[PDB]
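See structure below.
So basically every Cβ, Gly included, is an ideal-geometry build from the backbone, and we count neighbours across all protein chains shown. What follows draws every value from the coordinates through simple rules; no lab data is involved.
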Amino acid sequence: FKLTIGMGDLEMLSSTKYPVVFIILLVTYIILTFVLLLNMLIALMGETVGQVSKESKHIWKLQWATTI
Amino acid sequence: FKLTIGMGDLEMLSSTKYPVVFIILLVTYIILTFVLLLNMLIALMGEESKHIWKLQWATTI
């Protein structure tokens, strides 16, 4: 978790006896983490850039009626 | 490379004889790297609307 933010000390690499695959696995972990976070980022930005969508706010009217 | 994730410590900028221009050349490095990394992601992982949901699902059948 600390390495995901950018505060992780690379000390577990020497912990394992097999660093050649461990480093590759770790690097894939950060690559996938960034891919997932940025996919979420574009998801939010595309959802919020339109403001009012055709399918959107029909949901909102639905929950408003349901709550009433 | 560690600067891209931020793990590595940035004590190297204290050794340059011209910190005024090294910092400028490093800020543009970070911006260029971030843009160049974001572009491939938005080009590959992103991608008409239901084309994928139709074709990729029909492939499984």
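Taking only the alpha carbons of chain A, what extent do you get along each of the three principal axes, in Å, biggest first?
62, 24, 20
Hey, got the Cα dimensions of the protein assembly as shown along the principal axes, in Å, largest first?
The Cα atoms of the protein assembly as shown stretch 65, 42, 34 Å along the principal axes, largest first.
For A:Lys61, give me every one of the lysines with a C-alpha distance below 27 angstrom, ignoring sequence neighbours fewer than eight places off in its own chain.
Here the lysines satisfying the reach criterion relative to A:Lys61 are B:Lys50.
For the Cα atoms of chain A, what angle does the longest principal axis make with the long axis of helix A:19-49, in degrees from 0 to 90, nearest 10?
Relative to chain A, helix A:19-49 is tipped by roughly 20 degrees.
Between B:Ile5 and B:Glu47, what's the calculated FRET efficiency when r is the beta-carbon distance and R0 is 25 Å? Round to 0.05.
Details: r = 27 Å, r/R0 = 1.06.
According to the calculation, E is roughly 0.40.
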